[PDB]
>>> print(open('coords_27.cif').read())   # mmCIF, C-alpha atoms (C1' of nucleotides) and all ligand atoms
data_work
loop_
_atom_site.label_atom_id
_atom_site.label_comp_id
_atom_site.auth_asym_id
_atom_site.auth_seq_id
_atom_site.Cartn_x
_atom_site.Cartn_y
_atom_site.Cartn_z
CA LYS Q 1 19.92 -7.97 15.02
CA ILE Q 2 17.89 -9.18 12.03
CA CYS Q 3 14.09 -9.52 11.84
CA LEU Q 4 13.24 -13.19 11.25
CA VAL Q 5 10.28 -12.05 9.14
CA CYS Q 6 11.44 -9.34 6.71
CA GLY Q 7 15.20 -9.38 7.41
CA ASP Q 8 15.19 -5.72 8.48
CA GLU Q 9 17.16 -4.66 11.56
CA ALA Q 10 15.35 -6.05 14.61
CA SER Q 11 14.37 -3.85 17.55
CA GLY Q 12 14.11 -6.79 19.94
CA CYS Q 13 12.05 -9.85 20.82
CA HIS Q 14 8.40 -9.11 20.09
CA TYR Q 15 5.55 -11.57 20.64
CA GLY Q 16 8.08 -14.38 21.06
CA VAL Q 17 10.17 -13.71 17.95
CA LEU Q 18 13.08 -11.41 17.10
CA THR Q 19 11.50 -8.82 14.81
CA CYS Q 20 11.55 -5.25 13.53
CA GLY Q 21 9.11 -2.70 14.93
CA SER Q 22 7.13 -2.70 11.69
CA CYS Q 23 6.49 -6.44 11.77
CA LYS Q 24 5.59 -6.20 15.47
CA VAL Q 25 2.61 -3.90 14.92
CA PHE Q 26 1.69 -5.52 11.59
CA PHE Q 27 1.22 -8.86 13.32
CA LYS Q 28 -0.96 -7.46 16.12
CA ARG Q 29 -3.06 -5.49 13.64
CA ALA Q 30 -3.42 -8.59 11.46
CA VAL Q 31 -4.51 -10.85 14.31
CA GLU Q 32 -6.88 -8.46 16.09
CA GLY Q 33 -8.15 -6.68 13.00
CA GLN Q 34 -10.08 -7.39 9.83
CA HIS Q 35 -8.51 -7.19 6.38
CA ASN Q 36 -8.75 -8.73 2.98
CA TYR Q 37 -5.35 -10.30 2.38
CA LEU Q 38 -5.00 -12.21 -0.86
CA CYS Q 39 -1.72 -13.45 -2.32
CA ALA Q 40 -1.26 -12.50 -5.98
CA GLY Q 41 1.45 -15.14 -6.27
CA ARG Q 42 1.96 -18.81 -5.39
CA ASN Q 43 2.08 -18.01 -1.62
CA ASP Q 44 5.89 -18.26 -1.73
CA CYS Q 45 6.30 -14.45 -1.99
CA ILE Q 46 9.66 -13.00 -0.94
CA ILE Q 47 9.35 -10.88 2.19
CA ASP Q 48 12.09 -8.29 2.70
CA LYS Q 49 12.22 -4.62 3.69
CA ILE Q 50 11.46 -3.30 0.20
CA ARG Q 51 8.75 -5.81 -0.74
CA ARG Q 52 7.12 -6.55 2.65
CA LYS Q 53 4.23 -4.22 1.76
CA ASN Q 54 3.56 -6.21 -1.43
CA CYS Q 55 2.02 -9.32 0.11
CA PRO Q 56 0.64 -9.00 3.65
CA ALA Q 57 -0.90 -12.47 3.23
CA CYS Q 58 2.54 -14.06 2.87
CA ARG Q 59 4.04 -11.70 5.45
CA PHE Q 60 1.39 -12.68 7.98
CA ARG Q 61 1.97 -16.37 7.18
CA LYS Q 62 5.69 -15.87 7.87
CA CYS Q 63 4.88 -14.19 11.19
CA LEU Q 64 2.81 -17.20 12.23
CA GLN Q 65 5.27 -19.82 10.99
CA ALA Q 66 8.00 -18.02 12.92
CA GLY Q 67 5.89 -18.63 16.02
CA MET Q 68 4.69 -15.12 16.83
CA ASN Q 69 2.12 -15.12 19.64
CA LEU Q 70 0.18 -12.26 21.23
CA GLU Q 71 0.06 -14.07 24.58
CA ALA Q 72 3.77 -14.97 24.58
CA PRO J 1 -22.33 -5.00 -20.66
CA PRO J 2 -19.74 -2.73 -18.96
CA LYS J 3 -16.35 -2.05 -20.56
CA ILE J 4 -13.40 -3.83 -18.94
CA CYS J 5 -9.97 -2.45 -17.98
CA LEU J 6 -7.30 -4.32 -19.95
CA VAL J 7 -4.91 -4.01 -17.00
CA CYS J 8 -6.75 -4.98 -13.79
CA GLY J 9 -10.09 -6.12 -15.25
CA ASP J 10 -12.10 -3.51 -13.33
CA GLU J 11 -14.81 -1.45 -15.04
CA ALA J 12 -13.21 0.81 -17.65
CA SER J 13 -14.05 4.52 -17.75
CA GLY J 14 -12.65 4.92 -21.26
CA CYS J 15 -9.43 4.97 -23.26
CA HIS J 16 -6.54 6.37 -21.24
CA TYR J 17 -3.03 6.92 -22.60
CA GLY J 18 -3.84 4.72 -25.59
CA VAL J 19 -5.52 1.85 -23.73
CA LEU J 20 -9.02 1.20 -22.41
CA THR J 21 -8.61 1.32 -18.63
CA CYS J 22 -10.22 2.13 -15.29
CA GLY J 23 -9.50 5.49 -13.67
CA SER J 24 -7.24 3.96 -11.02
CA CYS J 25 -4.93 2.36 -13.59
CA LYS J 26 -4.95 5.64 -15.52
CA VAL J 27 -3.55 7.66 -12.63
CA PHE J 28 -1.34 4.78 -11.48
CA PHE J 29 0.40 4.69 -14.86
CA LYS J 30 1.02 8.44 -14.95
CA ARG J 31 2.54 8.39 -11.46
CA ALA J 32 4.68 5.34 -12.24
CA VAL J 33 6.22 6.82 -15.39
CA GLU J 34 6.85 10.30 -13.95
CA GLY J 35 7.89 9.25 -10.46
CA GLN J 36 10.68 7.54 -8.57
CA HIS J 37 9.62 4.35 -6.98
CA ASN J 38 10.86 1.04 -5.80
CA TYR J 39 8.94 -1.60 -7.63
CA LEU J 40 10.21 -5.14 -7.29
CA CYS J 41 8.04 -8.22 -7.75
CA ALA J 42 7.99 -10.55 -4.74
CA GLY J 43 6.78 -13.29 -7.06
CA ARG J 44 7.73 -14.73 -10.46
CA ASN J 45 6.52 -11.57 -12.32
CA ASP J 46 3.36 -13.47 -13.29
CA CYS J 47 1.30 -11.88 -10.46
CA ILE J 48 -2.49 -11.75 -10.79
CA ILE J 49 -3.71 -8.19 -11.24
CA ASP J 50 -7.41 -7.68 -10.50
CA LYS J 51 -9.47 -5.12 -8.55
CA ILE J 52 -8.78 -6.84 -5.22
CA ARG J 53 -5.07 -7.59 -5.70
CA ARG J 54 -3.89 -4.73 -7.96
CA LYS J 55 -2.31 -2.98 -4.96
CA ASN J 56 -0.17 -6.06 -4.20
CA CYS J 57 2.34 -5.78 -7.04
CA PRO J 58 2.88 -2.35 -8.63
CA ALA J 59 5.77 -3.97 -10.51
CA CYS J 60 3.51 -6.43 -12.32
CA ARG J 61 0.79 -3.78 -12.65
CA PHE J 62 3.17 -1.37 -14.38
CA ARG J 63 4.45 -4.19 -16.59
CA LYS J 64 0.87 -4.90 -17.70
CA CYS J 65 0.29 -1.19 -18.41
CA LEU J 66 3.33 -1.10 -20.69
CA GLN J 67 2.58 -4.44 -22.39
CA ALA J 68 -0.94 -3.17 -23.08
CA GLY J 69 0.70 -0.27 -24.90
CA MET J 70 0.09 2.60 -22.47
CA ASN J 71 2.15 5.70 -23.24
CA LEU J 72 2.34 9.43 -22.58
CA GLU J 73 3.35 10.31 -26.15
CA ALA J 74 -0.26 10.51 -27.33
"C1'" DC M 1 13.44 -4.20 27.40
"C1'" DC M 2 8.75 -4.48 25.70
"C1'" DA M 3 3.63 -3.60 24.83
"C1'" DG M 4 0.62 -0.31 23.28
"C1'" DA M 5 -0.50 4.60 22.23
"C1'" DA M 6 0.23 8.51 19.67
"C1'" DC M 7 1.80 10.37 15.61
"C1'" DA M 8 2.98 10.56 10.75
"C1'" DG M 9 4.06 9.05 5.89
"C1'" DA M 10 3.40 6.28 1.28
"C1'" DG M 11 0.54 4.76 -2.04
"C1'" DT M 12 -3.89 4.71 -3.86
"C1'" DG M 13 -8.63 5.93 -5.99
"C1'" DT M 14 -12.13 8.88 -6.10
"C1'" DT M 15 -14.72 13.42 -7.58
"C1'" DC M 16 -14.48 17.62 -10.05
"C1'" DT M 17 -13.33 20.41 -14.14
"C1'" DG M 18 -12.73 22.15 -18.88
"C1'" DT K 1 -13.84 12.26 -25.56
"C1'" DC K 2 -9.78 12.45 -21.75
"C1'" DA K 3 -5.96 14.42 -19.00
"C1'" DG K 4 -4.98 16.73 -14.78
"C1'" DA K 5 -5.58 18.56 -9.88
"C1'" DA K 6 -6.55 17.65 -5.34
"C1'" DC K 7 -8.82 15.50 -1.43
"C1'" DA K 8 -9.78 11.46 1.55
"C1'" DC K 9 -9.02 6.91 2.57
"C1'" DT K 10 -6.42 2.40 3.92
"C1'" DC K 11 -2.49 0.32 5.21
"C1'" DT K 12 1.71 1.08 7.12
"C1'" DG K 13 5.91 2.61 10.09
"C1'" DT K 14 8.33 5.41 13.72
"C1'" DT K 15 8.45 7.98 17.96
"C1'" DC K 16 6.63 8.29 22.48
"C1'" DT K 17 4.92 6.56 27.00
"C1'" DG K 18 4.17 3.45 30.96
ZN ZN H 1 10.40 -7.25 10.02
ZN ZN H 2 2.13 -13.83 -1.51
ZN ZN H 3 -7.56 -1.07 -14.13
ZN ZN H 4 4.47 -9.41 -9.30
#
>>> encode(input="coords_27.cif", output="structure tokens", more="lines below")
Ligand SMILES: [Zn+2]
Ligand SMILES: [Zn+2]
Ligand SMILES: [Zn+2]
Ligand SMILES: [Zn+2]
Amino acid sequence: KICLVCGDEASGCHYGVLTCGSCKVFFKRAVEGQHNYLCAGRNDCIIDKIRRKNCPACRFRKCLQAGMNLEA
Amino acid sequence: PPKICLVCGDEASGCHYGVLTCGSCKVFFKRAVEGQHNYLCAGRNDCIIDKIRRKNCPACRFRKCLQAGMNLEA
DNA sequence: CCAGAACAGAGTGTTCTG
DNA sequence: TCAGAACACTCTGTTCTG
């Protein structure tokens, strides 16, 4: 019931990992797209519902470390 | 040499709300003071604020504005 | 149930003005 | 001079569709 990325209420298993709908589309957009993501911190940034917009670099790292896969 | 924003280090357009700043930090500060927002640092509150990363942490950005002396009083 | 599309909002940064 | 209004943009998030 809890997104393994941001801790928000999960909508199901997306791309191999239990996640919220916001993290689902964020991950796909991050993989397929082109951005400039740069951590302003130490790359330990806290990712939760309120702060997940703060550091997409760390959020995307968490997605990957959680094992999210587009071909899953 | 161009003038430098004391908040994010971008090119400064002049002195805004008491401090030499870029236009983006000018309008960011006004909106932060007047508005209701959720600003919580995801870091240690030491976050780097520059032109590229200034959008990352409005909490640290606002802190820098205040520490630089920005105010609406004059 | 889930992927992707369609739709919509938050926050930002610029130009324009007196 | 600098403060304010307002538009357009990016990144984001929810509802809809197959
Ligand atoms: Zn999530
Ligand atoms: Zn980070
Ligand atoms: Zn600035
Ligand atoms: Zn911060």
>>> interface_residues(input="coords_27.cif", of="chain Q", to="chain K", cutoff="8 Å", atoms="all atoms listed in the file", output="number ranges by chain")
Q: 21-22, 26, 53
>>> interface_residues(input="coords_27.cif", of="chain Q", to="chain M", cutoff="9 Å", atoms="all atoms listed in the file", output="short mmCIF file (atom, residue, chain, number, x, y, z; two decimals) with C-alpha atoms, in the coordinates of the input")
data_model
loop_
_atom_site.label_atom_id
_atom_site.label_comp_id
_atom_site.auth_asym_id
_atom_site.auth_seq_id
_atom_site.Cartn_x
_atom_site.Cartn_y
_atom_site.Cartn_z
CA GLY Q 12 14.11 -6.79 19.94
CA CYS Q 13 12.05 -9.85 20.82
CA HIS Q 14 8.40 -9.11 20.09
#
>>> residues_near_ligand(input="coords_27.cif", ligand="ligand ZN 3 (chain H)", cutoff="7 Å", atoms="all atoms listed in the file", output="PyMOL selection string")
chain J and resi 5-10+12+21-25
>>> closest_atom_pairs(input="coords_27.cif", of="chain Q", to="ligand ZN 2 (chain H)", cutoff="12 Å", atoms="only C-alpha atoms and all ligand atoms", output="Markdown table")
| residue | atom | partner | partner_atom | distance |
| --- | --- | --- | --- | --- |
| Q:37 | CA | H:ZN2 | ZN | 9.1 |
| Q:38 | CA | H:ZN2 | ZN | 7.3 |
| Q:39 | CA | H:ZN2 | ZN | 4.0 |
| Q:40 | CA | H:ZN2 | ZN | 5.8 |
| Q:41 | CA | H:ZN2 | ZN | 5.0 |
| Q:42 | CA | H:ZN2 | ZN | 6.3 |
| Q:43 | CA | H:ZN2 | ZN | 4.2 |
| Q:44 | CA | H:ZN2 | ZN | 5.8 |
| Q:45 | CA | H:ZN2 | ZN | 4.2 |
| Q:46 | CA | H:ZN2 | ZN | 7.6 |
| Q:47 | CA | H:ZN2 | ZN | 8.6 |
| Q:51 | CA | H:ZN2 | ZN | 10.4 |
| Q:52 | CA | H:ZN2 | ZN | 9.8 |
| Q:53 | CA | H:ZN2 | ZN | 10.4 |
| Q:54 | CA | H:ZN2 | ZN | 7.8 |
| Q:55 | CA | H:ZN2 | ZN | 4.8 |
| Q:56 | CA | H:ZN2 | ZN | 7.2 |
| Q:57 | CA | H:ZN2 | ZN | 5.8 |
| Q:58 | CA | H:ZN2 | ZN | 4.4 |
| Q:59 | CA | H:ZN2 | ZN | 7.5 |
| Q:60 | CA | H:ZN2 | ZN | 9.6 |
| Q:61 | CA | H:ZN2 | ZN | 9.1 |
| Q:62 | CA | H:ZN2 | ZN | 10.2 |
>>> closest_residue(input="coords_27.cif", among="J:49, J:73, J:31, J:16", to="chain M", atoms="all atoms listed in the file")
J:31
>>> residues_near_ligand(input="coords_27.cif", ligand="ligand ZN 4 (chain H)", cutoff="7 Å", atoms="all atoms listed in the file", output="list in words")
residues 41, 42, 43, 44, 45, 46, 47, 57, 59 and 60 of chain J
>>> atom_distance(input="coords_27.cif", atom1="CA of residue 39 (chain J)", atom2="CA of residue 61 (chain J)")
9.8 Å
>>> interface_residues(input="coords_27.cif", of="chain J", to="chain K", cutoff="9 Å", atoms="all atoms listed in the file", output="list in words")
residues 14, 15, 16 and 17 of chain J
>>> closest_residue(input="coords_27.cif", among="Q:1, Q:48, Q:63, Q:10", to="chain J", atoms="all atoms listed in the file")
Q:48
>>> residues_near_ligand(input="coords_27.cif", ligand="ligand ZN 1 (chain H)", cutoff="7 Å", atoms="all atoms listed in the file", output="ChimeraX atom specification")
/Q:3-8,10,19-23
>>> closest_residue(input="coords_27.cif", among="Q:50, Q:17, Q:31, Q:2", to="chain J", atoms="only C-alpha atoms")
Q:50
>>> axis_aligned_box(input="coords_27.cif", around="region 4-13 of chain M", padding_each_side="3 Å", output="JSON")
{"center_x": -2.3, "center_y": 5.1, "center_z": 8.6, "size_x": 18.7, "size_y": 16.9, "size_z": 35.3}
>>> atom_distance(input="coords_27.cif", atom1="CA of residue 67 (chain Q)", atom2="CA of residue 11 (chain Q)")
17.1 Å
